[PDB]
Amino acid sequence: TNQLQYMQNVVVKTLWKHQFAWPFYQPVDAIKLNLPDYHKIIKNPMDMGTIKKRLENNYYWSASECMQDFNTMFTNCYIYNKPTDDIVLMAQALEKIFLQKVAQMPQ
């Protein structure tokens, strides 16, 4: 789509390059990070690797569907972590860029 291609080519590409993006490239590994409560607190895990793959496989029916996965990704981070945690502040920075780019999307 003009809109889905834009989510892959502008939104994912911009965010992927950001210095704060690295924690979100792959799923939260609750085993490696020793987070036994992660999967009971977070019911819909999401990450940017998954989103990028979904865009490439034409998983989404609409740009809004993709936007939802980004929102989930960020929200999961705010649900699991304390409001002052580094990872929260990083997510907020990334979420702001996400929104700024979503607002400049074509109709």
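In this text, rigid core is short for the largest set of C-alphas that superpose within 1.5 Å between two forms. When you see a residue number, it is the position in the sequence shown, counting from 1.
When the other structures are laid on the shown form by the core, the C-alphas of 47-55 and 32-40 differ in how far they drift in 8 other deposited structures of this protein; the larger average drift belongs to 32-40. The question of which stretch, 65-73 or 50-58, has the higher mean Cα B factor is settled in favour of 50-58. Relative to one another, 22-30 and 37-45 have unequal mean CA B-factors, and 37-45 is the one with the higher figure.
Among the modelled residues of the chain, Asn9 sits in the highest third by CA temperature factor in this PDB entry.
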